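**Q** Got a structure for you, upload.txt, holding compact mmCIF, C-alpha atoms.
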# COMPACT_ATOMS: atom_id res chain seq x y z
CA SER A 1 109.70 106.38 83.63
CA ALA A 2 108.41 102.79 83.52
CA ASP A 3 111.05 100.23 82.51
CA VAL A 4 113.32 101.20 85.40
CA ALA A 5 115.69 98.53 86.72
CA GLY A 6 116.27 99.99 90.17
CA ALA A 7 113.10 101.40 91.71
CA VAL A 8 113.67 99.72 95.09
CA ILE A 9 115.25 100.88 98.37
CA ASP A 10 116.51 99.21 101.56
CA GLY A 11 113.96 97.88 104.05
CA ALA A 12 114.58 100.90 106.27
CA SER A 13 114.62 104.00 104.04
CA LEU A 14 110.96 103.61 102.98
CA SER A 15 108.02 105.04 104.93
CA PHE A 16 104.20 105.00 104.85
CA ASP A 17 104.23 108.53 103.39
CA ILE A 18 106.51 107.48 100.52
CA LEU A 19 104.10 104.59 99.99
CA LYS A 20 101.15 107.02 99.85
CA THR A 21 103.13 108.92 97.24
CA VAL A 22 103.64 105.60 95.43
CA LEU A 23 99.94 104.93 94.72
CA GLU A 24 99.22 108.66 94.33
CA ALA A 25 101.62 108.93 91.37
CA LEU A 26 100.19 105.68 89.99
CA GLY A 27 97.50 107.10 87.71
CA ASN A 28 94.32 108.99 88.65
CA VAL A 29 92.49 105.67 89.06
CA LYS A 30 89.61 105.18 91.50
CA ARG A 31 91.33 102.29 93.29
CA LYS A 32 95.04 101.98 94.10
CA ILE A 33 96.87 98.99 95.59
CA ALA A 34 100.24 99.60 97.29
CA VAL A 35 102.31 97.10 99.24
CA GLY A 36 105.62 97.44 101.09
CA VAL A 37 106.69 94.49 103.23
CA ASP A 38 109.85 95.10 105.25
CA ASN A 39 111.43 91.68 104.99
CA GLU A 40 114.05 91.27 107.74
CA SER A 41 113.77 87.51 107.92
CA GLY A 42 117.34 86.81 106.87
CA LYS A 43 116.44 84.41 104.07
CA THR A 44 116.90 84.62 100.29
CA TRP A 45 113.66 84.43 98.33
CA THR A 46 112.92 83.56 94.70
CA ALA A 47 109.53 83.99 92.98
CA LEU A 48 108.05 80.54 92.44
CA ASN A 49 104.45 81.33 91.42
CA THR A 50 102.18 84.40 91.37
CA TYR A 51 98.51 84.59 90.33
CA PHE A 52 95.57 86.90 91.05
CA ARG A 53 92.01 85.77 91.75
CA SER A 54 90.44 88.97 90.36
CA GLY A 55 92.67 92.00 89.73
CA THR A 56 96.33 92.08 88.74
CA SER A 57 99.60 94.02 88.94
CA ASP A 58 102.02 92.62 86.38
CA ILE A 59 102.55 89.43 84.37
CA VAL A 60 106.07 88.98 85.80
CA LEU A 61 107.72 90.35 88.97
CA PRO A 62 111.20 90.19 90.70
CA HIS A 63 112.37 86.83 92.08
CA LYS A 64 114.60 87.88 95.02
CA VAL A 65 113.81 89.00 98.59
CA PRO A 66 117.06 89.28 100.63
CA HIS A 67 117.32 90.40 104.26
CA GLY A 68 116.89 94.11 104.93
CA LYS A 69 114.69 94.92 101.94
CA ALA A 70 111.08 96.02 101.57
CA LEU A 71 109.03 94.23 98.92
CA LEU A 72 107.20 96.85 96.84
CA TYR A 73 103.95 95.92 95.10
CA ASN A 74 101.14 97.73 93.28
CA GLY A 75 97.96 96.68 91.48
CA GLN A 76 95.03 98.21 89.52
CA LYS A 77 92.44 95.37 89.11
CA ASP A 78 91.89 93.28 85.93
CA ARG A 79 90.07 96.03 83.94
CA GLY A 80 89.62 93.71 80.95
CA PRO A 81 86.84 91.37 82.27
CA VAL A 82 83.92 92.22 84.58
CA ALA A 83 83.95 94.49 87.66
CA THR A 84 86.33 93.05 90.23
CA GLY A 85 88.76 94.60 92.69
CA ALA A 86 92.19 93.24 93.54
CA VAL A 87 92.45 89.72 94.87
CA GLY A 88 95.57 87.58 94.46
CA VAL A 89 98.34 85.39 95.89
CA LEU A 90 102.12 85.84 95.65
CA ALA A 91 104.49 82.95 96.42
CA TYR A 92 108.28 82.93 96.73
CA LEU A 93 110.62 80.01 97.46
CA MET A 94 112.54 80.43 100.73
CA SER A 95 115.33 77.93 100.08
CA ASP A 96 115.03 74.28 99.00
CA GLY A 97 111.25 73.90 99.13
CA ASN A 98 109.35 76.37 101.30
CA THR A 99 107.03 79.04 99.94
CA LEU A 100 105.60 82.01 101.84
CA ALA A 101 102.25 82.81 100.25
CA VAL A 102 100.63 86.19 100.80
CA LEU A 103 96.96 86.87 100.05
CA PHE A 104 95.43 90.19 98.96
CA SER A 105 91.74 90.96 98.54
CA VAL A 106 89.64 94.07 97.89
CA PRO A 107 86.13 94.55 96.37
CA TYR A 108 85.60 96.99 93.47
CA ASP A 109 82.83 98.78 95.41
CA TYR A 110 82.64 100.73 98.67
CA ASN A 111 80.34 99.15 101.24
CA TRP A 112 80.76 96.90 104.31
CA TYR A 113 83.34 94.60 102.71
CA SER A 114 87.00 95.33 103.47
CA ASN A 115 90.57 94.34 102.47
CA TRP A 116 91.86 90.84 103.25
CA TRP A 117 95.48 89.73 103.65
CA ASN A 118 96.95 86.42 104.83
CA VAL A 119 100.59 85.34 105.06
CA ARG A 120 101.45 81.65 105.54
CA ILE A 121 104.14 79.08 104.69
CA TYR A 122 103.40 76.48 101.98
CA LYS A 123 105.87 73.66 101.18
CA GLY A 124 107.31 73.66 97.66
CA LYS A 125 104.94 71.09 96.17
CA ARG A 126 101.90 71.55 93.88
CA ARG A 127 101.10 74.96 92.33
CA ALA A 128 98.92 77.15 94.58
CA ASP A 129 95.79 78.58 92.97
CA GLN A 130 92.00 78.94 93.43
CA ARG A 131 91.50 75.20 94.03
CA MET A 132 94.23 75.21 96.67
CA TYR A 133 92.54 77.78 98.96
CA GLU A 134 88.92 76.94 98.07
CA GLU A 135 86.83 73.81 98.89
CA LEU A 136 89.05 72.76 101.80
CA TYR A 137 88.73 74.81 105.00
CA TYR A 138 92.50 74.54 105.55
CA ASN A 139 93.80 77.68 103.81
CA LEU A 140 90.81 80.03 103.65
CA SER A 141 91.22 82.59 106.45
CA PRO A 142 92.38 86.10 105.37
CA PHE A 143 92.85 88.94 107.89
CA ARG A 144 90.65 92.02 107.57
CA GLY A 145 92.66 95.16 106.80
CA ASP A 146 92.07 98.33 108.83
CA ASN A 147 93.92 101.63 109.48
CA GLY A 148 96.39 100.48 112.16
CA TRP A 149 99.14 97.98 112.98
CA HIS A 150 99.56 94.76 114.97
CA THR A 151 102.23 92.11 115.56
CA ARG A 152 101.73 88.34 115.11
CA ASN A 153 103.79 85.32 113.97
CA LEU A 154 103.38 84.38 110.30
CA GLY A 155 103.63 80.65 110.97
CA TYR A 156 107.21 79.54 110.36
CA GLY A 157 108.49 81.39 113.42
CA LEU A 158 108.96 85.09 112.71
CA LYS A 159 106.35 87.74 113.55
CA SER A 160 104.92 90.42 111.30
CA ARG A 161 104.73 93.90 112.82
CA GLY A 162 102.31 95.91 110.72
CA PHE A 163 98.88 95.94 109.14
CA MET A 164 96.80 96.93 106.13
CA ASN A 165 95.32 100.38 105.69
CA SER A 166 91.79 100.39 104.25
CA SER A 167 89.96 103.65 103.27
CA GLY A 168 89.57 102.73 99.60
CA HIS A 169 93.23 102.93 98.61
CA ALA A 170 95.03 100.11 100.40
CA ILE A 171 98.59 99.98 101.67
CA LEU A 172 100.23 97.02 103.44
CA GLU A 173 102.96 98.01 105.88
CA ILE A 174 103.90 94.75 107.60
CA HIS A 175 107.44 94.35 108.93
CA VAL A 176 108.46 90.68 109.35
CA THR A 177 111.02 90.12 112.10
CA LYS A 178 111.99 87.40 114.61
CA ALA A 179 109.27 86.46 117.13
What does the file become when written as structure tokens?

**A**
Amino acid sequence: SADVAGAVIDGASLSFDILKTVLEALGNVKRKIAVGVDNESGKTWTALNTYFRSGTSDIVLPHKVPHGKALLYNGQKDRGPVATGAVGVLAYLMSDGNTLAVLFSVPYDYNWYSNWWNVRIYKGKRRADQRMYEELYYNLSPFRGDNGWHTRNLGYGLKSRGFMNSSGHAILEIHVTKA
């Protein structure tokens, strides 16, 4: 199956093991990117802009993130160009003009470097891209992923209870809830 129009479950039924199964049954590729954000913010989201710095996932993705639903995501680098892991930013509109941007980053080689993820609110004005995060030291601070979990406010007000699992294949299990 591939063109399925219902491969998503409530932000409660999923589990880290199901997620492991998600990237496992995602091709016998060396690297596997799996994301599952339990969004319990209580706000309706709509995909505004999505672009990857190195790897990829899909050209177009769902544009709705209601309360009580986990956002599933998966990537497998660019493949076409040079050797590069999975780095990218996803941005959804929260209402009239607020966009929660999430960063993902992972090198296509095992060494000292690790995964990087950063969630933050960006007002609905000007398309976010490389030039938005680069040059200016305002939005260039991603969190290093590591096998564990920790709570912290995203910025707007709510707090994310989760973390990013490294060990080659990365999985993001962050549950956003009220602070």

**Q** Using all atoms listed in the file for the distances, tell me which of A:115, A:135, A:142, A:170 is nearest to residue 20 in chain A.

**A**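 Looking at the shortest contact to residue 20 in chain A, the residue is A:170.
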
**Q** Show me, as AutoDock Vina command-line options, the centre and edge lengths in Å to one decimal of the axis-aligned box that covers every listed atom of range 101-117 of chain A with 4 Å on each side.

**A**
--center_x 91.3 --center_y 91.8 --center_z 98.9 --size_x 29.9 --size_y 25.9 --size_z 18.8

**Q** Work out how far CA of residue 5 in chain A is from CA of residue 56 in chain A, in Å to one decimal.

**A**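 Atom-to-atom, CA of residue 56 in chain A to CA of residue 5 in chain A, that is 20.5 Å.
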
**Q** Go through A:153, A:95, A:130, A:141 one by one, measure the shortest atom-to-atom distance of each to residue 42 in chain A using all atoms listed in the file, and give the residue with the smallest value.

**A**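 Result for the nearest residue to residue 42 in chain A: A:95.
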
**Q** Within 10 Å of range 35-41 of chain A, which residues of range 130-168 of chain A come that close, and what is the closest atom pair and distance in Å for each? Count all atoms listed in the file and give it as CSV.

**A**
residue,atom,partner,partner_atom,distance
A:157,CA,A:41,CA,9.8
A:158,CA,A:41,CA,7.2
A:159,CA,A:41,CA,9.3
A:160,CA,A:38,CA,9.1
A:161,CA,A:38,CA,9.2
A:162,CA,A:37,CA,8.8
A:163,CA,A:37,CA,9.9
A:164,CA,A:35,CA,8.8

**Q** Which residues come within 9 Å of range 108-111 of chain A, counting all atoms listed in the file, excluding same-chain residues fewer than 3 positions away, as a PyMOL selection string?

**A** chain A and resi 31+77+83-86+114+168

**Q** When you count only C-alpha atoms, which of these residues is closest to residue 59 in chain A: A:177, A:129, A:90, A:72?

**A**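 Nearest to residue 59 in chain A: A:90.
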
**Q** Quick one: distance from CA of residue 78 in chain A to CA of residue 48 in chain A in Å, one decimal?

**A**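 CA of residue 48 in chain A lies at a distance of 21.6 Å from CA of residue 78 in chain A.
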
**Q** Of the residues A:26, A:172, A:101, A:12, which is the one nearest to residue 139 in chain A, using only C-alpha atoms?

**A**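 Among the listed residues, the smallest separation from residue 139 in chain A belongs to A:101.
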
**Q** Please provide as a PyMOL selection string all residues within 6 Å of residue 32 in chain A, with the sequence filter that same-chain residues fewer than 5 positions apart are discarded (counting all atoms listed in the file).

**A** chain A and resi 23+76+169

**Q** Work out how far apart CA of residue 155 in chain A and CA of residue 53 in chain A are and give it in Å to one decimal.

**A**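 One can read the CA of residue 155 in chain A to CA of residue 53 in chain A distance as 23.0 Å.
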
**Q** Within 12 Å of residue 140 in chain A, counting all atoms listed in the file, which residues qualify if same-chain residues fewer than 3 places away don't, as a list in words?

**A**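 Skipping anything fewer than 3 positions along the chain leaves residues 102, 103, 116, 117, 118, 119, 120, 129, 130, 131, 132, 133, 134, 135, 136, 137 and 143 of chain A.
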
**Q** Taking (105.3, 71.7, 98.9) in the file's own coordinates, collect the residues within 12 Å, counting all atoms listed in the file, and hand them back as a list in words.

**A**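 Final list of nearby residues, as requested, is residues 48, 91, 92, 93, 94, 95, 96, 97, 98, 99, 100, 101, 121, 122, 123, 124, 125, 126, 127, 128 and 132 of chain A.
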
**Q** Go ahead and save the residues from that selection, with C-alpha atoms, as an mmCIF file, in the frame of the given file.

**A**
data_model
loop_
_atom_site.group_PDB
_atom_site.id
_atom_site.type_symbol
_atom_site.label_atom_id
_atom_site.label_comp_id
_atom_site.auth_asym_id
_atom_site.auth_seq_id
_atom_site.Cartn_x
_atom_site.Cartn_y
_atom_site.Cartn_z
ATOM 1 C CA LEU A 48 108.050 80.540 92.440
ATOM 2 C CA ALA A 91 104.490 82.950 96.420
ATOM 3 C CA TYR A 92 108.280 82.930 96.730
ATOM 4 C CA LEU A 93 110.620 80.010 97.460
ATOM 5 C CA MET A 94 112.540 80.430 100.730
ATOM 6 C CA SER A 95 115.330 77.930 100.080
ATOM 7 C CA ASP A 96 115.030 74.280 99.000
ATOM 8 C CA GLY A 97 111.250 73.900 99.130
ATOM 9 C CA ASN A 98 109.350 76.370 101.300
ATOM 10 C CA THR A 99 107.030 79.040 99.940
ATOM 11 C CA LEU A 100 105.600 82.010 101.840
ATOM 12 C CA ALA A 101 102.250 82.810 100.250
ATOM 13 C CA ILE A 121 104.140 79.080 104.690
ATOM 14 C CA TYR A 122 103.400 76.480 101.980
ATOM 15 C CA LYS A 123 105.870 73.660 101.180
ATOM 16 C CA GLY A 124 107.310 73.660 97.660
ATOM 17 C CA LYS A 125 104.940 71.090 96.170
ATOM 18 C CA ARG A 126 101.900 71.550 93.880
ATOM 19 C CA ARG A 127 101.100 74.960 92.330
ATOM 20 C CA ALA A 128 98.920 77.150 94.580
ATOM 21 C CA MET A 132 94.230 75.210 96.670
#

**Q** Between A:34, A:60, A:174, A:2, which is the closest to residue 21 in chain A once you count all atoms listed in the file?

**A**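 Nearest candidate to residue 21 in chain A out of A:34, A:60, A:174, A:2: A:34.
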
**Q** Using all atoms listed in the file, can you tell me which of A:6, A:87, A:175, A:14 comes closest to residue 152 in chain A?

**A**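 Looking at the shortest contact to residue 152 in chain A, the residue is A:175.
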